[PDB]
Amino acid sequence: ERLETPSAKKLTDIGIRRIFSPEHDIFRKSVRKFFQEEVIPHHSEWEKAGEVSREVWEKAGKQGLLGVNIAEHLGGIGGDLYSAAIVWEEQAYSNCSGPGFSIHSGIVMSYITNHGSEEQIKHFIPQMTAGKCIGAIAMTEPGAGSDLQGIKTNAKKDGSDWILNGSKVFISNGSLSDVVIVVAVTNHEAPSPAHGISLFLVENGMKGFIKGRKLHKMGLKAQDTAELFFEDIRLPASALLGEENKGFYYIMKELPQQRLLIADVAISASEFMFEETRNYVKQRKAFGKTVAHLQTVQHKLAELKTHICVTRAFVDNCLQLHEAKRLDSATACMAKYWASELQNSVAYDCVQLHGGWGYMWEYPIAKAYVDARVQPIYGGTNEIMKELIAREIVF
């Protein structure tokens, strides 16, 4: 009944890929409509402002695009992993990297609902599903980003409170965030920092919580990445997320999802770029016929489509495993690493096929190129992905 991407008219067609159902296709169509009409037309302006509007967040919240795979009885929408993936994919197909929906719904809401108390869940989830409370997660610091145990941010108890001090960097949704999950060292006496880390829900408005100026980056112009500062912030007992000192444990449990998320975003962006480029060369007149008639272009496009389809098959297998809660760390790392790498190889060749116009911001491929470059870096660099993958091979 369903075709796989290689046989589809377009890698981005609706109604394809075996892991989806007819009900998923319907939802897919609506999400695609949302990005096409509510995101794509305002993106150029958000790029200029360096951030998206609160309006689109509330719009996404109203249409039900936030907290999709978060249990309904907890304040989420209640869909399965496949529905949540559709939202990641469609955003990638729109080539609009500004809105930080997936970090919000795929990571932050996930930590809160999986390890938060009943009161934290009741206080945050509905607001986040509505898109009125924007979430962010802050682990990385100026001195440590792959070496989590090297974290310096710290929190020390003062009765029932916690005095939080330190700073984070490269925080997505940094500017617009209303709630930020902060990783901090709570036990300087623990044997290893891995046994002395906790998670704290820091809210915009607490005294001492300062948001730095938006960072100037080579890409992701509309994503408000920023530095965060904590100045002797007195945090109520309710700010502590999960058990004290069990923070590393919670991060480890959530990592697999974060990696698969990045992986699907990466391969979806590649499918976008391929179709975008396919279209360009078949339209670009040259030597009387289209650039698409040149043999070298045809072989190049074949190479790109093959690698893209091969990788999508693996990512879809991972989405299936994760749905069944059977996707382990190593497999998640393979997907993240291989897909993020492919995304940059595809972007590079696709810009080339566009000639000079590929270097112009007017053309989508231009921003696809700079937006792609960040994927092999965040969420655990690919060097780290290979390290983790090698553990089961040699040890």
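We number the residues from 1 along the sequence you see.
Check: Going by the B-factors listed in the PDB entry, is the mean over the C-alpha atoms higher for 41 to 49 or for 342 to 350?
Finding: Higher of the two, by average CA B-factor, is 41 to 49.
Next item on the list: Please work out which of 85 to 93 and 68 to 76 has the higher mean CA B-factor as recorded in the PDB entry.
Entry: Taking the mean B-factor of the alpha carbons in each, 68 to 76 is higher.
Checklist line | Largest Cα B-factor, entry values, listed residues 300, 307, 211, 322 | finding: Checking the PDB record, the top C-alpha B-factor among 300, 307, 211, 322 is at 211.
Check: Out of 290, 153, 277, 102, which shows the largest CA B-factor listed in the entry?
Finding: Of 290, 153, 277, 102, 290 has the highest C-alpha B-factor.
Checklist line | Within-chain third of residue 125 by Cα B-factor, per the entry | finding: Answer is highest: the recorded C-alpha B-factor places it there.
Next item on the list: Ordered by C-alpha B-factor within the chain, which third holds residue 243? Give me lowest, middle or highest, please.
Entry: Its C-alpha B-factor, which the entry lists for residue 243, ranks in the highest third among residues of this chain.
Next item on the list: Would you check the entry's CA temperature factor for residue 174 and let me know if it's in the chain's lowest, middle or highest third?
Entry: Answer is middle: the recorded C-alpha B-factor places it there.
Margin query: Test of reading the entry: by CA B factor among the chain's modelled residues, which third contains residue 379?
Written below: Middle third of the chain for residue 379's C-alpha B-factor.
Notebook entry, point to check: Which third of the chain holds residue 231 when residues are ordered by C-alpha B factor: lowest, middle or highest?
Noted result: Tercile = highest for this residue's CA B-factor.
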